[PDB]
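Protein chains in written order, with the entry's author numbering: chain g, 2 to 175; chain d, 2 to 208; chain 3, 1 to 38; chain i, 2 to 142.
Note that beta-carbon positions come from the ideal geometry of N, C-alpha and C, so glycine has one too.
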Amino acid sequence: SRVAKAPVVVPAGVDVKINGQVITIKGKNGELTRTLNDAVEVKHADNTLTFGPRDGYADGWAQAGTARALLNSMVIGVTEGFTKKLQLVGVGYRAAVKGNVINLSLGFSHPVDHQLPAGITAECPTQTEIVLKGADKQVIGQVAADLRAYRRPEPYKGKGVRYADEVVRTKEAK
Amino acid sequence: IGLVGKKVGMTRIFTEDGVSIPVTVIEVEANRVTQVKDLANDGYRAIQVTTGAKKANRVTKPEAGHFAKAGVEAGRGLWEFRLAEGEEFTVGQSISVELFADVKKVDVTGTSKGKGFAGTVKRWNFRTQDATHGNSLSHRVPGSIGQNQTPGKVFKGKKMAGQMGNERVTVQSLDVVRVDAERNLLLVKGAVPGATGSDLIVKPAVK
Amino acid sequence: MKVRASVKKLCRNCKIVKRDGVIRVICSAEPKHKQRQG
Amino acid sequence: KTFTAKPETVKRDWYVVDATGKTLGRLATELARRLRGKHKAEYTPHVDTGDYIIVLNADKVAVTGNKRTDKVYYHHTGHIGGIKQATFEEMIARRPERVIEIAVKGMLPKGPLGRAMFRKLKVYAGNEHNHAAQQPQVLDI
RNA sequence: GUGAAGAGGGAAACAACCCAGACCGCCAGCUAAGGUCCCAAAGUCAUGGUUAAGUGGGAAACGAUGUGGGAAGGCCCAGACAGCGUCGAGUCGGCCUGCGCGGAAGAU
RNA sequence: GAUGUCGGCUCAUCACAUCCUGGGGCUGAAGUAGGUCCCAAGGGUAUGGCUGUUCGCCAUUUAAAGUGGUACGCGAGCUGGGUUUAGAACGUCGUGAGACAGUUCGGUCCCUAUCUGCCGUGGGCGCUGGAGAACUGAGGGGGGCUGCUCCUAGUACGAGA
RNA sequence: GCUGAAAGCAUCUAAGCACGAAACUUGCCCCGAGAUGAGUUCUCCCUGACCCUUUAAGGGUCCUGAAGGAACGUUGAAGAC
Ligand SMILES: [K+]
Ligand SMILES: [K+]
Ligand SMILES: [K+]
Ligand SMILES: [K+]
Ligand SMILES: [K+]
Ligand SMILES: [K+]
Ligand SMILES: [K+]
Ligand SMILES: [K+]
Ligand SMILES: [K+]
Ligand SMILES: [K+]
Ligand SMILES: [K+]
Ligand SMILES: [Mg+2]
Ligand SMILES: [Mg+2]
Ligand SMILES: [Mg+2]
Ligand SMILES: [Mg+2]
Ligand SMILES: [Mg+2]
Ligand SMILES: [Mg+2]
Ligand SMILES: [Mg+2]
Ligand SMILES: [Mg+2]
Ligand SMILES: [Mg+2]
Ligand SMILES: [Mg+2]
Ligand SMILES: [Mg+2]
Ligand SMILES: [Mg+2]
Ligand SMILES: [Mg+2]
Ligand SMILES: [Mg+2]
Ligand SMILES: [Mg+2]
Ligand SMILES: [Mg+2]
Ligand SMILES: [Mg+2]
Ligand SMILES: [Mg+2]
Ligand SMILES: [Mg+2]
Ligand SMILES: [Mg+2]
Ligand SMILES: [Mg+2]
Ligand SMILES: [Mg+2]
Ligand SMILES: [Mg+2]
Ligand SMILES: [Mg+2]
Ligand SMILES: [Mg+2]
Ligand SMILES: [Mg+2]
Ligand SMILES: [Mg+2]
Ligand SMILES: [Mg+2]
Ligand SMILES: [Mg+2]
Ligand SMILES: [Zn+2]
């Protein structure tokens, strides 16, 4: 509603292909594709995209708020990109990259290998840090959740794969 | 694919390390492709094989013409094998026991030995009732076959007396002990279904 | 997870959310306060 | 005496129906009606006066609400414990013509004539039928 | 009051409930209860609403930003509520009430 | 104008309020191992001593020795120890015959299956000229348990254990 | 869990997307076209004349008798039959 109210700015570089509902945006980093909900109009004019509820769709306004949120993401992301950073924490918890597959050693009896998706790429600045980069806020978030889920931060020492940004609630054992 | 062979019998192979391997000897003579089935004509991909030899007079005109179309001598029967994506054969091509040279494990399908009408003790491993302690005429009999008015019937698939064996049986994942192109022999470790002289289907192990 | 007929905010940080037709209490602060109506 | 239709003289036509987008049950009532011959003035309760109907695109039949996931088809195998189930979406995946067939069969009379009526329904998952020889007229349901 | 000593139609089936009291015949007509998408006779009837639970087509104390209607309160361009010094129109929690939700485990 | 009754044996079948195995949330969860709640019915789920026992207690196992429904499943399938005929005795009550929600010893369990059902196995006709083969797979059934050891590693965890 | 508004925030959910168990559908084994919805493929076989009459998917005569099947016999690691 109020998210939908605020129209997303289209910068220079940031091509816009409206055709029914698909909103295919081609910036200079990359290119993105989203279908959209049948209760969303998209009115592109004046280097500026706008949203609103169409009739015969009670949810209408809610669907505009989601669609605006998704579009500011694709306007961002092919101009500046998205980045996410993870840390490893533990006795000998090493990360390593080898093309589009991240090699992790997270204290298993087997080396976990994580194949990054198409368009999501990654590099390790240390052995105990990982840096994901992409055009798409959802996929970079999903990949990082997949990495974190190998060895989730545990409640006593905070060991495992934290988001660098996150905080880990510790507890003293009984 | 697999190959059709005959159960010669059982024997052993003594290894150099002093192990005695029980073997079934399978005579796998040349399997001659009688018909190639394809997706266009038949709706599925397979080869029909024959093996062995049939008396000239006991081959019927309908059967003789089927063999005649292939350019193959009549054998003792016809069997199909489903093809994978990779495979192709031609009508008339012979396939020998050397197909199994690098195969480590086989499934062997035969017709089990016929036991005729078997009771529940033999057929289903039912327990006998008391030999003594007053048992009246009910030593190997099945006991109860249901409940009461609820449900007031016997359920389908109830284990009862009847025909036992003389049916198709596969035994899976038998180790190939030896292949011998020269004498048309495949040796597999352990027992396989069927009487001596019975037809066996041997395929590479699915598991 | 507490599975209860009566589910309710136990602190200031507890939040009611309906997920898949189930009333749930989630709580950022306390794992004990996480609830499911059932 | 009131007219009766006569089985050896009844005129039966061939029709073709596209099930794409049609609500299952509202399509099925119109099939069942026309298989029975309720649309004809010669309608006779003991005679099959209805028409042959081809149904195309049975895999694209629609259902409202959450029936695509939540509508369950139950059957028993006759063996104890043999209660089997499939959701509508699973039925669409494996045996898509059965969804329309099951729906129509439930709406036809029970007994020999009802079964005879059902034989005139020819349901196809695709957009092609093999019945060009019968010269199907397009029927808008 | 009905059954008993009462048929017919309805309530799937169902003495005792609902409608209704069978003198006989009719391949006429109108109604009752109850019904009118197909099984199965008759509205895929019209108009305006509610429900999204297959609720309808089992179950309470109690729980809940489900959703519709009504009457008041509070704060609010002397810039509210949220995110926060700023940013620009609503925002807050009760009351009543319609319809839904969870609470809801059983044996062929 | 009869629906055989406890317990056992044989054979089961279903429910899930789950005993084990599987998945998971919380823990006053360091690890190991527990507690509690949720999901889950695929399969699995002791032998003995005593007693008619079910049960229970006990011994020794097991991953576990689940809880219920099925005429407290199952005697036209078996048993007949309990119990409720006729014999006899004790305690007890009664003047007595006799009697006991007491005890004790002894004490006939029939049926050739017509129908349904179920397990097997044929004959008939059909399937559109007749015939011999090889098939496709709608559909149905079977199967689905789990211990211990070693490696990973005396590694993670822990003050150590 | 991700992204994500409705509800500027938050929120696994309303749109959208990912994961997740011996349960479910498969994969393994066996039956299986009476699956009357009776399916498919390959092969084999039969290529005479004539009459009758309410003329019709009609009823006979003579000639013909295939492929194949059965029957009988010797039998089986198949079987109550
Ligand atoms: K009366
Ligand atoms: K309902
Ligand atoms: K039981
Ligand atoms: K637990
Ligand atoms: K189970
Ligand atoms: K009883
Ligand atoms: K008994
Ligand atoms: K009986
Ligand atoms: K008996
Ligand atoms: K009967
Ligand atoms: K057939
Ligand atoms: Mg035998
Ligand atoms: Mg025994
Ligand atoms: Mg006796
Ligand atoms: Mg005896
Ligand atoms: Mg019954
Ligand atoms: Mg969920
Ligand atoms: Mg009827
Ligand atoms: Mg009387
Ligand atoms: Mg009456
Ligand atoms: Mg009635
Ligand atoms: Mg009228
Ligand atoms: Mg009608
Ligand atoms: Mg209308
Ligand atoms: Mg209901
Ligand atoms: Mg309620
Ligand atoms: Mg009687
Ligand atoms: Mg449960
Ligand atoms: Mg089971
Ligand atoms: Mg089940
Ligand atoms: Mg399974
Ligand atoms: Mg015991
Ligand atoms: Mg009983
Ligand atoms: Mg029981
Ligand atoms: Mg007896
Ligand atoms: Mg009995
Ligand atoms: Mg006794
Ligand atoms: Mg006496
Ligand atoms: Mg947000
Ligand atoms: Mg297992
Ligand atoms: Zn809280």
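Problem set entry | Cβ separation of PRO113 (chain i) and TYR16 (chain i), assumed to be a contact under 8 Å, to the nearest whole Å | In the fourth sequence, the residue the question calls residue 113 (chain i) occupies position 112. In the fourth sequence, the residue the question calls residue 16 (chain i) occupies position 15. No, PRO113 (chain i) and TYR16 (chain i) are not in contact; Cβ-Cβ is about 24 Å, not under 8 Å.
Exercise. Which residues of chain d have a Cβ atom closer than 8 Å to the Cβ of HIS80 (chain i), listed in chain order?
Worked result: For the purposes of this step, residue 80 (chain i) is taken as the residue at position 79 of the fourth sequence. Within 8 Å Cβ-Cβ: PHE156, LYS157, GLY158.
For this session: Provide the residue span of the alpha helix (DSSP H) that contains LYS62 (chain d), from first to last.
Result: The residue you call residue 62 (chain d) lines up with position 61 of the second sequence. 62-71 is the span of the alpha helix (DSSP H), which, as asked, contains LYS62 (chain d).
For this session: Could you check which residue in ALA40 (chain g), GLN88 (chain g), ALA96 (chain g), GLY78 (chain g) has the C-alpha nearest to that of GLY135 (chain g)?
Result: For the purposes of this step, residue 135 (chain g) is identified with residue 134 of the first sequence, where counting begins at 1. The residue with the shortest Cα to Cα distance from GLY135 (chain g) is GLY78 (chain g).
For this session: Starting from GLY66 (chain g), trace the alpha helix (DSSP H) both ways and give me its first and last residue.
Result: Numbered from 1 along the first sequence, position 65 holds the residue referred to as residue 66 (chain g). Counting along the chain, the alpha helix (DSSP H) containing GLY66 (chain g) begins and ends at 61-76.
Exercise. If you run the structure through DSSP and keep just helix, strand and coil, what is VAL15 (chain g)?
Worked result: Indexing the first sequence from 1 puts residue 15 (chain g) at position 14. Of the three classes helix, strand and coil, the one that applies to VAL15 (chain g) here is coil, per DSSP.
Exercise. Roughly how many angstroms separate the alpha carbons of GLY19 (chain d) and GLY191 (chain d), rounded to a whole number?
Worked result: Numbered from 1 along the second sequence, position 18 holds the residue referred to as residue 19 (chain d). Numbered from 1 along the second sequence, position 190 holds the residue referred to as residue 191 (chain d). Each residue's alpha carbon lies about 17 Å from the other.
For this session: May I ask which residues mark the beginning and end of the beta strand (DSSP E) holding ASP19 (chain i)?
Result: Numbered from 1 along the fourth sequence, position 18 holds the residue referred to as residue 19 (chain i). 15-19 is the extent of the beta strand (DSSP E) around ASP19 (chain i).
Exercise. Which residues mark the beginning and the end of the beta strand (DSSP E) in which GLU91 (chain i) is found?
Worked result: For this step, residue 91 (chain i) is matched to residue 90 along the fourth sequence. Here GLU91 (chain i) belongs to no beta strand (DSSP E); instead the alpha helix (DSSP H) covers 89-95.
For this session: Measure the alpha-carbon distance for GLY53 (chain d) versus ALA75 (chain d) and round it to whole angstroms.
Result: Position 52 of the second sequence, counting from 1, holds the residue named residue 53 (chain d). Position 74 of the second sequence, counting from 1, holds the residue named residue 75 (chain d). Each residue's Cα considered, the two are about 8 Å apart.
Problem set entry | For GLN143 (chain g) and residue 1 (chain g), the rounded distance between their alpha carbons | Shown here, chain g extends from 2 to 175; a query on residue 1 (chain g) therefore has no answer.
Problem set entry | Own chain, CB closer than 7 Å to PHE127 (chain d), minus 5 neighbours either side, in chain order | For the purposes of this step, residue 127 (chain d) is taken as the residue at position 126 of the second sequence. So the qualifying residues of the chain are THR121, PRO143.
Exercise. Does the distance from the CB of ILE202 (chain d) to the CB of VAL5 (chain d) come in under 7 Å?
Worked result: The count along the second sequence starts at 1 and reaches residue 202 (chain d) at position 201. The count along the second sequence starts at 1 and reaches residue 5 (chain d) at position 4. Contact flag set, yes.
Problem set entry | Entirely enclosed alpha helix (DSSP H) segments - the segment 109-163 of chain d, minimum 4 residues | 121-125
Exercise. Going by C-alpha distance, which of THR34 (chain g), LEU71 (chain g), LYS85 (chain g), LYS6 (chain g) is nearest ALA146 (chain g)?
Worked result: Here residue 146 (chain g) refers to the residue found at position 145 when the first sequence is read from its first residue. Checked all of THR34 (chain g), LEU71 (chain g), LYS85 (chain g), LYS6 (chain g); the closest Cα to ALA146 (chain g) is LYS85 (chain g).
Problem set entry | Three or more C-beta pairs below 8 Å linking the segment 103-122 of chain d and the segment 159-178 of chain d | yes
For this session: State yes or no: is the C-beta of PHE83 (chain g) within less than 7 Å of the C-beta of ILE121 (chain g)?
Result: Translated into the one-based positions of the first sequence, residue 83 (chain g) becomes position 82. Translated into the one-based positions of the first sequence, residue 121 (chain g) becomes position 120. Cβ distance not < 7 Å, so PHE83 (chain g) and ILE121 (chain g) don't count as in contact.
Exercise. In three-state DSSP terms, what is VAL100 (chain i)?
Worked result: Reading the fourth sequence from its first residue, position 99 is the one you call residue 100 (chain i). Three-state DSSP puts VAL100 (chain i) in a helix.
Exercise. Do the CB positions of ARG69 (chain g) and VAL10 (chain g) come within less than 7 Å of each other?
Worked result: On the first sequence, position 68 is the one that residue 69 (chain g) refers to. On the first sequence, position 9 is the one that residue 10 (chain g) refers to. Not closer than 7 Å, so no.
For this session: Measuring alpha carbon to alpha carbon, tell me which of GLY3 (chain d), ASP200 (chain d), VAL207 (chain d) ends up nearest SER95 (chain d).
Result: To locate residue 95 (chain d), count along the second sequence from 1; it is residue 94. Closest by alpha carbon: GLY3 (chain d).
Exercise. Rounded to a whole number of angstroms, what is the C-alpha to C-alpha distance between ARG141 (chain d) and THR78 (chain i)?
Worked result: For the purposes of this step, residue 141 (chain d) is taken as residue 140 along the second sequence, with counting starting at 1. For the purposes of this step, residue 78 (chain i) is taken as residue 77 along the fourth sequence, with counting starting at 1. So the two alpha carbons sit approximately 31 Å from each other.
Exercise. Quick one: is the Cβ of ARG128 (chain d) within less than 6 Å of any heavy atom of ligand 13?
Worked result: Within the second sequence, the letter at position 127 stands for residue 128 (chain d). At least one heavy atom of ligand 13 is nearer than 6 Å to the Cβ of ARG128 (chain d), so yes.
For this session: Express the C-alpha separation of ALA33 (chain i) and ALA126 (chain i) in angstroms, rounding to a whole number.
Result: For the purposes of this step, residue 126 (chain i) is taken as the residue at position 125 of the fourth sequence. For the purposes of this step, residue 33 (chain i) is taken as the residue at position 32 of the fourth sequence. If you take the alpha carbons of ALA126 (chain i) and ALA33 (chain i), they lie about 19 Å apart.
For this session: Give the secondary structure of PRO54 (chain g) by DSSP, where H, G and I count as helix, E and B as strand, and everything else as coil.
Result: Within the first sequence, numbered from 1, the residue matching residue 54 (chain g) stands at position 53. Of the three classes helix, strand and coil, the one that applies to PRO54 (chain g) here is strand, per DSSP.
Exercise. Which stretch, first to last residue, makes up the alpha helix (DSSP H) that contains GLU168 (chain d)?
Worked result: Here the question's residue 168 (chain d) lines up with position 167 in the second sequence. Premise fails: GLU168 (chain d) is in no alpha helix (DSSP H) and is neither H nor E.
For this session: Have a look at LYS7 (chain d), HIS134 (chain d), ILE27 (chain d) and flag the residue whose alpha-carbon is nearest the alpha-carbon of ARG179 (chain d).
Result: Taking the second sequence and counting its residues from 1, the one referred to as residue 179 (chain d) is at position 178. Measuring from the Cα of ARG179 (chain d), the nearest candidate turns out to be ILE27 (chain d).
Exercise. Using the beta-carbon count (16 or more within 10 Å), is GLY161 (chain g) buried or exposed?
Worked result: As a first step, residue 161 (chain g) is located in the first sequence; it is residue number 160 there, counting from the start. It is buried - the Cβ of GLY161 (chain g) has at least 16 other Cβ atoms within 10 Å.
Exercise. For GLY10 (chain d), which of helix, strand or coil comes out of DSSP?
Worked result: As a position in the second sequence, residue 10 (chain d) is number 9, starting the count at 1. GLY10 (chain d) falls in the strand class under three-state DSSP.
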